[PDB]
Engineer: 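Next up is a structure, given as C-alpha cells.
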Protein chains: 2
Amino acid sequence: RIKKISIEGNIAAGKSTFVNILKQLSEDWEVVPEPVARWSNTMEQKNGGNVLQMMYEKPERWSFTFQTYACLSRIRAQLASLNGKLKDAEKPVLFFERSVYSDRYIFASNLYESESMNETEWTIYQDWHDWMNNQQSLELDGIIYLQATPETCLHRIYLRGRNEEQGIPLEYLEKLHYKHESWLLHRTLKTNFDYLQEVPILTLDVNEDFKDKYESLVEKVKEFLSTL
Amino acid sequence: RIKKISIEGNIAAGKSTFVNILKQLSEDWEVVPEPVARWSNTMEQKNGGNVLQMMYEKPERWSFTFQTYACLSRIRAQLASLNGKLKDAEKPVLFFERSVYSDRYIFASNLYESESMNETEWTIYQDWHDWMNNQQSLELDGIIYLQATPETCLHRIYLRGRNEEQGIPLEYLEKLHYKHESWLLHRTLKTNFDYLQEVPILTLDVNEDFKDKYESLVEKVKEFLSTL
Ligand SMILES: CCCN(c1nc(-c2nc(N)cc(N)n2)cs1)c1cc(-c2ccc(S(=O)(=O)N3CCN(C)CC3)c(OC)c2)ccc1C
Ligand SMILES: CCCN(c1nc(-c2nc(N)cc(N)n2)cs1)c1cc(-c2ccc(S(=O)(=O)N3CCN(C)CC3)c(OC)c2)ccc1C
Ligand SMILES: O=c1ccn([C@@H]2O[C@H](COP(=O)(O)OP(=O)(O)O)[C@@H](O)[C@H]2O)c(=O)[nH]1
Ligand SMILES: O=c1ccn([C@@H]2O[C@H](COP(=O)(O)OP(=O)(O)O)[C@@H](O)[C@H]2O)c(=O)[nH]1
Ligand code: NA
Ligand code: NA
C-alpha cells in the first residue's frame with residue numbers, strides 16, 4: 001500500500017528542492033510535482049501559463065478559474081502517480097508537492113480573503129472541492145511541513161529569479177505563513193476533512209540552506225515514515 | 001441494472017413537462033430534474049440563482065463559472081439518483097433532464113462561440129469535462145430528443161413567463177436548435193465520447209401541445225425502451 005505524504009510550506013520554502021532530493025534517495029520513493037510549479041517554467045501547461053499570467057494581471061477576474069484548474073490538475077497528477085507508480089516497491093512512499101488541502105485552505109482561502117473571489121465563487125469552489133474530493137484514495141498518511149520565515153521565503157523568491165514573482169510583497173508571505181502555522185503547527189485551522197485533525201505532521205526548519213547538507217532532514221523523514 | 005435515458009431539447013421544448021408526465025406513469029420510472037431548471041425557480045440553489053442572475057448581467061464574466069457549476073451540479077444529482085433510487089424496480093429507468101453532453105456540446109460550446117468564454121476558459125472547461133466524466137456510470141442507454149421549432153420554443157418561453165427569459169431572442173433558439181439537429185438528427189456533431197455515435201435516439205415532434213394528450217408520445221417511449 002503506497003504511503004501518501006504531502007510536503008507543505010510557504011512559497012520558495014524549498015519544497016521542490018527537497019522533493020527532488022527525496023526522489024533520488026530510494027527506488028521506493030516517488031514525487032508528484034505541483035502543477036502550478038510546472039506552469040511557472042502540453043494543453044494543461046498552455047492553459048496553466050495563460051491562467052497564471054492573467055492571474056498576475058487581474059486576480060479578482062481569474063482566481064476562481066485558476067484555483068479550480070490548479071486543484072483539478074493536482075488531483076489528476078496525484079491519481080496518475082498513485083495508479084501508475086511504485087507497483088514493485090517494498091516500502092512505497094509517494095511525496096506530494098502540496099495537497100488539495102493547501103489549494104483550498106492556503107491559496108483559495110487567501111484569495112477569498114483578498115476579495116479576489118466573491119462569496120458565490122468561494123462557496124462554488126468549496127462545494128466543488130468538497131464534492132471533487134469526497135468521491136478518496138488521495139487521503140494523506142502524513143504531512144511534512146517545511147517551515148521557513150517569511151523573510152527566508154522572500155530571499156528564496158529572489159534566489160529563484162522568476163520575473164513575475166519579484167513583486168510578491170513580504171505581507172503576502174506573512175499571511176500565507178500565518179495560515180501554515182494555524183494549520184500545521186497550532187492545528188487551530190478547522191477543515192472539512194475530519195481525518196486531517198489526527199494526521200501525523202513532521203515540522204522541519206529549513207531556514208538554513210540544505211541543498212548540500214540535507215542528511216539530518218532526510219534522517220527525520222525516515223524516522224517519521226517508520227512511525228506511520 | 002438502471003437504464004439511463006437523457007431527455008434533450010431546446011429551451012422550453014417541454015422537457016420538464018414531459019419528464020413530470022413520465023415519472024407519474026411507473027414506479028420503475030424516476031427522473032433527475034436539471035439543476036439549472038431548479039435554479040430558475042439550499043447552498044447549491046443559492047449559488048445557482050446568484051450565478052444565473054450574474055450570467056444575465058455579464059455572460060463574458062460568468063460563463064466558465066456557470067457552466068462548471070451547472071455540470072458539477074448535474075453529475076452530483078445524476079450519481080445521487082443512480083445510487084439512491086430504483087433499488088426494488090423490475091425494469092428500472094432513470095430519465096435525465098438533459099445530460100453532461102448538452103452542457104458541453106450545446107450550452108458551453110455556444111457560449112465559447114459567442115466569445116462569452118475565451119479560448120483558455122473553453123479549453124480548461126473541456127479538459128475539466130473530459131476528466132470529470134472519464135473517471136463513468138452515467139453513460140446513456142438512449143436519448144429522447146424532444147424536437148420543437150425555434151418559434152414553438154419562443155412561444156413556450158412566453159407561456160412559462162420567467163421574467164429573465166422574455167428577452168431571449170429567436171436567433172439564440174435557432175442557434176441551439178441547429179446544434180441539437182447536428183447532434184441528435186444528422187449525428188454530424190463530433191464529440192469526445194465514442195459510444196454516443198451509436199447510442200439509440202428517439203426523436204419526438206412536440207410542436208403540438210401534449211400536456212393533456214401525451215399517450216402517443218409515451219407509447220413511442222415504451223417501444224423505444226423495449227428495444228434497448
Ligand atoms: C507565487 C504566488 C503566485 N500566486 C498564486 N498562487 C496561488 C496558488 N494556488 C494554488 N492552489 C497552488 C499554488 N501553488 N499557488 C494562488 S495565487 C499569485 C498571487 C498573486 C497575489 C499576490 C499577493 C497579493 S497581496 O495580498 O499582496 N495584495 C493585496 C491586494 N492588493 C490590491 C494587491 C496586493 C495578491 O492580492 C490579490 C495576489 C497574484 C497572482 C498570482 C499568480
Ligand atoms: C434560458 C437561457 C439561459 N442561459 C443559459 N443557460 C445555459 C445553460 N447551460 C447549461 N449547461 C445548462 C442549461 N440548462 N442552460 C447557458 S447560457 C443564458 C443565456 C444567455 C444568452 C442568451 C442569448 C445570447 S445571444 O447569442 O442572443 N447574444 C449574442 C451576443 N450579443 C451581444 C447578445 C445576444 C447570449 O449571448 C452571449 C447569452 C444569457 C444568460 C443566461 C443565463
Ligand atoms: O536550501 C535551499 C532551499 C532552496 N533554495 C533556493 O530557494 C529557491 C526556492 O526553492 P524551491 O523552488 O524548492 O521552493 P518551493 O517554492 O518549491 O518551496 C530556489 O531558487 C532554490 O534553489 C536554496 O538555495 N537553498
Ligand atoms: O405541450 C406543452 C409543453 C409545454 N408547455 C408549456 O411550455 C413551457 C415550457 O415547457 P417546459 O418548462 O417543460 O420546457 P423545458 O424548458 O423544460 O424544455 C411551460 O410553460 C409549459 O407548461 C405547454 O403548454 N404544452
Ligand atoms: Na525514487
Ligand atoms: Na415513477
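Both ligands and their constituent atoms are indexed starting at 1 by order of listing. Numbered from 1 within each chain, the chains take letters A, B, ... in sequence-line order. The figures here come from the full heavy-atom set of this structure, side chains too, leaving out hydrogens, waters and symmetry mates.
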Engineer: Give the atom numbers and elements of ligand 3 that come within less than 4.0 Å of a heavy atom of A:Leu159.
Structural biologist: 20 (O), 24 (O)
Engineer: Can a donor-acceptor pair be found, under 3.5 Å and without considering hydrogens, that links the side chain of A:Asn110 to the backbone of A:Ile106?
Structural biologist: no
Engineer: At a 4.0 Å threshold, what atoms of ligand 3 neighbour a non-hydrogen atom of A:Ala12?
Structural biologist: 9 (C), 14 (O), 15 (P), 16 (O), 18 (O)
Engineer: What I want to find out is whether A:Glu208 reaches A:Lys213 closely enough, with some N-O distance under 4.0 Å, to be called a salt bridge.
Structural biologist: yes
Engineer: Using side-chain heavy atoms (C-beta onward) and a distance below 4.5 Å, is B:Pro33 in contact with B:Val19?
Structural biologist: no
Engineer: Can you tell whether the side chains of A:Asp130 and A:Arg104 come within less than 4.0 Å, N to carboxylate O?
Structural biologist: yes
Engineer: Which residue and atom name correspond to the protein heavy atom nearest atom 38 (C) of ligand 1, and how close is it?
Structural biologist: A:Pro59 CG, 4.5 Å
Engineer: Who's the nearest protein heavy-atom neighbour of atom 7 (C) of ligand 1, and how far?
Structural biologist: A:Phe107 CD2, 3.3 Å
Engineer: Does atom 16 (C) of ligand 1 have any protein heavy atom closer than 4.0 Å?
Structural biologist: yes
Engineer: N/O/S atom of A:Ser26 under 3.0 Å from the Na ion (ligand 5), yes or no?
Structural biologist: yes
Engineer: Give the atom numbers and elements of ligand 1 that come within less than 4.0 Å of a heavy atom of A:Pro169.
Structural biologist: 27 (O)
Engineer: Just need the protein heavy atom nearest to atom 18 (C) of ligand 1, so name the residue and atom and give the distance.
Structural biologist: A:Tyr56 CE2, 4.2 Å
Engineer: If you compare all heavy atoms of A:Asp205 against all heavy atoms of A:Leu217, which two are closest, and at what distance to 0.1 Å?
Structural biologist: O-CD2, 4.3 Å
Engineer: Any idea which protein heavy atom is nearest atom 1 (O) of ligand 3, and the distance to it?
Structural biologist: A:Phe210 N, 2.9 Å
Engineer: Nearest to atom 15 (P) of ligand 3, what protein heavy atom do you find, and at what distance?
Structural biologist: A:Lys15 N, 3.5 Å
Engineer: Quick one: which of A:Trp39, A:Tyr69, A:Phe66 has a heavy atom closest to atom 5 (C) of ligand 1?
Structural biologist: A:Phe66
Engineer: Under 6.0 Å from the CD atom of A:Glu198, do we count more than 12 heavy atoms belonging to anything else shown?
Structural biologist: no
Engineer: Give the C-alpha distance, both sets of side-chain angles, the deciding distance and a yes or no for side-chain contact (heavy atoms from CB on, under 4.5 Å) between B:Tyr112 and B:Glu119.
Structural biologist: CA-CA 7 Å; B:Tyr112 173 54; B:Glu119 286 174 304; 3.9 Å; yes
Engineer: Please tell me if atom 35 (C) of ligand 1 is touched by the protein, where touching means a protein heavy-atom distance below 4.0 Å.
Structural biologist: no
Engineer: Identify, by atom number and element, the atoms of ligand 1 in contact range of A:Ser116, meaning under 4.0 Å from any of its heavy atoms.
Structural biologist: 37 (C)
Engineer: In degrees, rounded to 10 degrees, what angle do A:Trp29 atom O and A:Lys23 atom O make at the Na ion (ligand 5)?
Structural biologist: 110°
Engineer: For atom 2 (C) of ligand 3, which candidate among A:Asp209, A:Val36, A:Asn20 provides the closest heavy atom?
Structural biologist: A:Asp209
Engineer: Is A:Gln67 in polar range of ligand 1, meaning some N or O pair under 3.5 Å apart?
Structural biologist: yes
Engineer: Rounded to the nearest 0.5 Å, what's the gap from CG on B:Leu79 to CD on A:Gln135? Could you check?
Structural biologist: 6.0 Å
Engineer: Is at least one protein non-hydrogen atom found at under 4.0 angstrom from atom 28 (N) of ligand 1?
Structural biologist: no
Engineer: Is it the case that over 12 heavy atoms from other parts of the model lie below 6.0 angstrom from the OH atom of A:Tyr158?
Structural biologist: no
Engineer: Quick one: does any side-chain atom of A:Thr191 pair with a main-chain N or O of A:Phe193 as donor and acceptor, under 3.5 Å?
Structural biologist: yes
Engineer: Is the ring pair B:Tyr145/B:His180 parallel, tilted or perpendicular, if the boundaries are 30 and 60 degrees?
Structural biologist: parallel
Engineer: Counting non-hydrogen protein atoms only, what is the nearest one to atom 22 (O) of ligand 3? Give residue, atom name and distance.
Structural biologist: A:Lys211 NZ, 3.4 Å
Engineer: With nothing but distance in play, are any N or O atoms of A:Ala13 less than 3.5 Å from an N or O of ligand 3?
Structural biologist: yes
Engineer: Checking contacts here: is it the side chain or the backbone of A:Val36 that comes within 4.0 Å of ligand 1, counting heavy atoms only? Could be both or neither.
Structural biologist: side chain
Engineer: Is atom 9 (N) of ligand 1 less than 4.0 angstrom from at least one protein heavy atom?
Structural biologist: yes
Engineer: Regarding B:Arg61 and A:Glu121, does a basic nitrogen lie under 4.0 Å from an acidic carboxylate oxygen?
Structural biologist: yes
Engineer: So if I count the atoms of ligand 1 from 1 in the order they appear, which ones are less than 4.0 Å from some heavy atom of A:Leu52?
Structural biologist: 42 (C)
Engineer: Looking at A:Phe18 versus A:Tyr214, is the centre-to-centre ring distance below 6.0 Å?
Structural biologist: no
Engineer: What part of A:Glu34 sits under 4.0 Å from ligand 1 if we count only heavy atoms: the side chain, the backbone, both or neither?
Structural biologist: side chain
Engineer: Are any of the heavy atoms in A:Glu97 under 4.0 Å away from ligand 3?
Structural biologist: yes
Engineer: How close do A:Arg156 and A:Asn207 get, counting heavy atoms only, and between which atoms?
Structural biologist: NH2-O, 3.2 Å
Engineer: If you measure every N or O of A:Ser16 against every N or O of ligand 3, does any of those distances drop under 3.5 Å?
Structural biologist: yes
Engineer: Around atom CD of B:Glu57, are there more than 12 heavy atoms from other residues, nucleotides or ligands closer than 6.0 Å?
Structural biologist: no
Engineer: Heavy-atom contact under 4.0 Å between A:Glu115 and ligand 1?
Structural biologist: no
Engineer: Counting both backbone and side chain atoms, is some N or O of A:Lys175 under 3.5 Å from an N or O of ligand 1?
Structural biologist: no
Engineer: Answer yes or no: is there an ion pair linking B:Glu44 with B:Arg76, defined by an N-O contact shorter than 4.0 Å?
Structural biologist: yes
Engineer: For atom 21 (C) of ligand 3, what is the nearest protein heavy atom, given as residue, atom name and distance?
Structural biologist: A:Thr17 OG1, 3.7 Å
Engineer: Among protein heavy atoms, which sits nearest to atom 8 (C) of ligand 3, and what does the distance come to when rounded to 0.1 Å?
Structural biologist: A:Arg156 O, 3.5 Å
Engineer: Compute the ring centroids of A:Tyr69 and A:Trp39, then answer whether they are less than 6.0 Å apart.
Structural biologist: yes
Engineer: Does the pair B:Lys15/B:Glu34 count as a salt bridge with the N-to-O cut at 4.0 Å?
Structural biologist: no
Engineer: Ligand 1 and A:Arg74, any nitrogen or oxygen pair closer than 3.5 angstrom?
Structural biologist: no
Engineer: Under 4.0 Å from atom 40 (C) of ligand 1, is there at least one protein heavy atom?
Structural biologist: yes
Engineer: Can you tell me which residue and heavy atom of the protein come closest to atom 4 (N) of ligand 1, and the distance to 0.1 Å?
Structural biologist: A:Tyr172 OH, 4.2 Å
Engineer: State, without any angle test, whether B:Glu8 and B:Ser102 hold a side-chain donor-acceptor pair at a distance under 3.5 Å.
Structural biologist: yes
Engineer: Looking only at distances, can you tell me whether any N or O atom of A:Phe18, backbone or side chain, sits closer than 3.5 Å to an N or O atom of ligand 3?
Structural biologist: no
Engineer: Just heavy atoms, cut-off under 4.0 Å: does A:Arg98 contact ligand 1 by side chain, backbone, both, or neither?
Structural biologist: side chain
Engineer: So, the side chain of A:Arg98 versus the backbone of A:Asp103: is there a donor-acceptor pair under 3.5 Å, distance only?
Structural biologist: no
Engineer: Please report which non-hydrogen protein atom sits nearest to atom 19 (C) of ligand 3, along with the residue it belongs to and the distance in Å to one decimal place.
Structural biologist: A:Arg160 CB, 4.0 Å
